[PDB]
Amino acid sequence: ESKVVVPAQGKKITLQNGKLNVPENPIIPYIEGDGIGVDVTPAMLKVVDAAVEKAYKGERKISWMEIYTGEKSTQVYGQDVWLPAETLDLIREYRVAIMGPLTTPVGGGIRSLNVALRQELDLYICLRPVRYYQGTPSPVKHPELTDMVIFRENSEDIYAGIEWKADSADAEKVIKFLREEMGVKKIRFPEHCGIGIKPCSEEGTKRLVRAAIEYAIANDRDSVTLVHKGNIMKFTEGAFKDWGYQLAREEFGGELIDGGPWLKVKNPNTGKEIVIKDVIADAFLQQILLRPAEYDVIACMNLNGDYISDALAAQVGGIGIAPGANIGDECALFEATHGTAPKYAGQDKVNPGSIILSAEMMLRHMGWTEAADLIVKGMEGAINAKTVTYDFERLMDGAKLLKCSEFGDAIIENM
C-alpha cells in the first residue's frame, strides 16, 4: 500500500503543447535524500516557501508531497525497495520534482539510483549551470570569469550500463564474437578482461544539442561549444560533434564562419550571432581554467559532462553549492549534486546551497521567475555578508559561522 499522501489542498501541474501549465497551488513531489538530506532539504523547503510567499504575496503556494527513493525508501516500503515503481509514476504524473542526495547500496549489484531515475524517466538533459557568487572562496585567481551552462547528455554513452565481468561466461562470449565474427584484433589482453559498450546515436545526440541551442537562444547566450574526444572515438564522440554541427545547420540556419569549422547561428529574437564551436575534451579541461571567458553553453556526452560539471564547480568554489536539473520532455527532476556526507548527517552543519539553487532552477522551470530571482538575490547577499556554513567559513577570514538551518535563514534575510 502506498505511503505517499497526496496533499488535500493543491493541484497537479499539467503539460500542453510542450508548455507547462502551473496552477497557483502546485503539488511538488520531493525526495528528502539520505545522509545530509535530512539537513539540507528542510532548509530548502523553508527558503523556497519564503521566496514564493514574498514574490507573489500569498497568491501562490507549493503543496509539498514527500515521495521516496534510497535508504529512506527501504525504511518506508520495506527491505529491497530502493526505488519504488510509485516514485517513477508520481514524478511523471506531477511533472516537476526535487531531490536531496541519494544512497545507492554496494554489494547488492544495483546501479546508481540517480542514473536509474534519469534513464527510467528519460530525463535526457542533465542541466548544470556554473557561475560565481562574489565572496565565495575559490582556488583560482579569477573565478568571476566563469559563467557557463552545461548540457550533459543523460540517456546514453557508457552510462548505458552495458558491461560484463572479467572471466564471466558472458564476457568470454562477447570477446569471442568480437575476435571471431567481427575480426577484432585490437584487444591487447583478451583473457581476464572486462568489456563495456559505448553507444551514441543520432537521435540521442540531436535532442540534447537541440535543447542546448534553444537555451542559448532563449537566454541570449554567446556560444555553444561541443566538447568531445572525437579524434580517438570517431564513431561515438566524433559522431556527437558532427551531428551537433549538422543539427545547427539544418534546424537553426547555422552558417560557416570563415573557413570553418565554427558556425554562426542568428538569434531569431535578438539578432545576436551565436557561435557554434568545438573543443577536444582534454584541451577543454585546460581551457576552462585558462580562458574561461571564451565559453558559455556547453554540449557534451554523459561521461564528459560528469567530469566537466565537477571541474567547473570546483574552480568557482562551488563544490557544495552546484545546482543541477534532469530534464526530459514529460517531466523534470531537480537535484542536490553533492553526496550524502553521512559523517555530518543530522548535525545541521553542511551547506544547503546546492539543493537551494537547484530549487531556484525548479522555480524558473515553472515560470516562477520572480521567486527564483529572490533566491539568487538572497544567496548573493548571504555570501557577500560572509554569513556562511563551515565549508566556506574555514576558507575565509572574518566570516560568521552559520549552521545549515541558519544559512537558510540568512538567504531569506537577504531577499
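Each residue number is its position in the shown sequence, starting from 1.
Novice: Per the entry, where is the mean C-alpha temperature factor higher: 96 to 104 or 177 to 185?
Specialist: Taking the mean C-alpha B-factor of 96 to 104 and of 177 to 185, the larger value falls to 177 to 185.
Novice: Mean CA B-factor: is it higher for 82 to 90 or for 114 to 122?
Specialist: That would be 82 to 90.
Novice: Out of 295, 344, 284, 151, whose C-alpha atom has the biggest B factor in the entry?
Specialist: Highest CA B-factor of the listed options: 344.
Novice: Check the PDB entry and point out which of 304, 326, 269, 337 has the largest C-alpha temperature factor.
Specialist: Reading the PDB entry, the winner on C-alpha B-factor is 269.
Novice: In terms of the chain's CA B-factor thirds, is residue 320 lowest, middle or highest?
Specialist: Middle third by C-alpha B-factor.
Novice: Sorting the chain's modelled residues by C-alpha B-factor, tell me whether residue 204 ends up in the lowest, middle or highest third.
Specialist: Its C-alpha B-factor, which the entry lists for residue 204, ranks in the middle third among residues of this chain.
Novice: Is residue 172 in the lowest, middle or highest third of its chain when residues are ranked by C-alpha B-factor?
Specialist: Residue 172: CA B-factor falls in the highest third of its chain.
Novice: Quick one: classify residue 278 as lowest, middle or highest third of the chain based on its Cα B-factor.
Specialist: CA B-factor rank for residue 278: lowest third.
Novice: Residue 5: which third of its chain by C-alpha temperature factor?
Specialist: Within its chain, residue 5 is a highest-third residue by C-alpha B-factor, going by the deposited values.
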